[PDB]
Each structure stands twice: as structure tokens, then as C-alpha cells.
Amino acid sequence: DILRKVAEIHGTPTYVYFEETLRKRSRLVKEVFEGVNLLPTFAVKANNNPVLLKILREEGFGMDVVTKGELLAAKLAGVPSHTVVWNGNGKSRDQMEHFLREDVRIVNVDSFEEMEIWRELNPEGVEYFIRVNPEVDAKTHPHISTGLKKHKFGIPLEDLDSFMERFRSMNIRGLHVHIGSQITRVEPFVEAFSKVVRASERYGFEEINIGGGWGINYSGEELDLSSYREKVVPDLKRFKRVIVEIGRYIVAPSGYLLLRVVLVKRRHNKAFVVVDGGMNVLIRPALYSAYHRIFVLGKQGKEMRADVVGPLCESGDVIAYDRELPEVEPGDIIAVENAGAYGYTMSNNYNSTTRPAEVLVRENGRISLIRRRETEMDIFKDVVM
């Protein structure tokens, strides 16, 4: 009833997060690294609601931030600035001075050009990690490999020497590697990390930031944590500090997306269950094509086959394609699972729609609104007439 409870009180579309899941998954990540001197951080890009970030701070997580905006979410969540790690490929001098005024002291440098700007400021107390892109076996994980050869981030790991030649003597404490997202195989991590750890040992670095990217079960895949703890963690044990930057694995399962069915449109062979939010609420299915399982609150069955689509005047405004479902009726509620990451953070106002509400079901059972629903006036809040 709990999910319907929330829809009755707060309406739809509404993301609903469970504190219990957020704490258990964050504790699960820490436990994988038992034996390691870990500084766990949460990737704010996956979910920036400060109420959820406060829960993660209580669980011992710092924050991986990219923008001023992310840094403010951390501040709103009462995160101590010495547990913030700053990532980014477009750090401007203005941004650096701002981050320095906030006492951020851990920076994952993306390029030679960024490092030259840091020297012109020459801040004291800042620890730098150099983002590197290890070569990953092209014929096996072809998708992680070309991203780490063609994407705009970091420097090739083969060019680390060229970077250290120019910048030696700055407070460079280690390397940062982040190889991708939604990874459920352990081998890519073992391959990339063994190279980065080897490189770290040549320079004698005592810290390392191994990024994030752990995948979740969207349609049946699962990252084997036993295998990961057996194959990856031992290499990490030497370091005085290991930082990880986890987003999706922690927050995605904590969230559902609730949508009310407006009508069920039949067209011969096919059926379109039209709900009250689409790509303006959850963009993943139309931008990434990711698969989220769905279900109907209070109903089970397989008598209908349908696409679940949004109300927007756009062709790929689809939440779910070809799913078996019970006989859906207008007014039913569809719940989309694994909606807690890259969900609200990618919501928008396309077709002059309003952004969804967010609610938190606390461990004590209290249902708390943590993100009100945009009004129609909110859509035009910044128009200057």
C-alpha cells in the first residue's frame, strides 16, 4: 500500500525514495572495501536533492561534485568541505576561486591546460589527483575501451609521464580513474585498475581515486560483489587513502517513479497506456534506451501487452516498450523501478510541462515531501516581460 499511499497524498508524477534502501546500499558499498582506508563519496550528478545527500553524509560519504550547483547541494546537506572531491573538464578560474573560498581541497585534474590555471593560482592545501585513461582490452569490453580513448575526459595513461615532467613538485597525491557507467562485469575494473595501480607505484603515490560506475540490475544483470571484493580490492590495500565515487548503485534502487494512467488507447494489435509524465519526467528510456521494469500498483497479471507512453507531443516520449501487464484502467498507477539515479536530475519542462514532486519514505514510516511539484507559473518564472 505504501506506494499508493504516497500517490494518494502527493499525486503524480512523483519520485518516491526509501531511506532504508539508500542506507543499506551505501553500507553495502563500504563493506565491499573492508580492509581498505576508504573515503567513499557519492556522485551528486546522479541525484542532487540535499535531503537524500544528508542521509549519505550520515553514512560516512563525502561528495563528488562538478559544478558550483553541486557544491551548493553538498553545503545544503551539511557536508564538511574536506570530504568534497571536485571533478570537471571545464573548471574556470572563477569556479576555482569559489571552490577554494569554500575550503575544497581535493581536485581531480582533467588536463594539462587545467593544471596550468591551478599554477597561476597556486593554492595552498589543495591535493591534486590526475585523471588518467587506461587502455582497456578493445576486443571484450569494446564499449568501455573506445570511450576511454575518445571521450573528452582525463589524459591517456600513457601520457602520465609527460604530465609529471611539467608539474612535478605540485601537491600531486595520486591518480583518478573512472572508466564508465552501468558496468556489471568485474574484469574491466580489474584491467583498468591494475594498470593505474602499477603507474601509481612507479611514482610512489599513497592515494588513489578509482571512480565509480558500478552497474545495477535493470533487466537481469548484476555486478558480482564477491568477485569484485576478491579480484579488485586486494590491489587497493596498500594505499593510505582510496576514494570511490559511487552514484547509480546507491541511489537508483532507492527510487520509484509513480505515474497515473490517463487513458488506455487501443489500436488493433497494440495498446498505448498513456500516463501523466513522459520524457519530461524520466528521459533515460528515450535518450539512453535504458530498460526499467514497471508494475501496476495493486494489480498483477499478464493479459495486456502495451507500450507505456507520456502525454507529450513527441515521437520517442516512451516510458516502457512492449510490456506484459494486467488489464490497465484509467486512474491506475504505474511504478517505474530503479528511478532514483539520473531521473529527476534529467527532468525538464519540454512541452511546457511541470517537473515532478519527490517524496521520502523514512525508516520510521513518515512520508515526507522533499521536492514540491512545479506549478504552471514556475514554467515562466524567469521570463522577463
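Numbering starts at 1 and runs along the sequence shown.
Note on 136 to 144 vs 280 to 288: mean CA B-factor is higher in 136 to 144. The deposited model assigns a higher average Cα B-factor to 146 to 154 than to the other stretch when 146 to 154 and 74 to 82 are compared.
Out of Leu312, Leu258, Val109, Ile117, it is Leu312 whose C-alpha atom has the highest B-factor in the PDB entry. Per the deposited record, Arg202 carries the highest C-alpha B-factor of all listed residues (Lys195, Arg241, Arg202, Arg248).
Looking at the C-alpha B-factors along this chain, the one for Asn209 belongs to the lowest third. Ranked against the other modelled residues of its chain, the C-alpha B-factor of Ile370 as given in the entry falls in the lowest third.
In this PDB entry, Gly340 carries a Cα temperature factor that places it within the lowest third of its chain's modelled residues. Ranked within its chain, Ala43 lands in the lowest third, by CA B factor from the PDB record.
Annotation for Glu358: CA B-factor lies in the lowest third of the chain's modelled residues.
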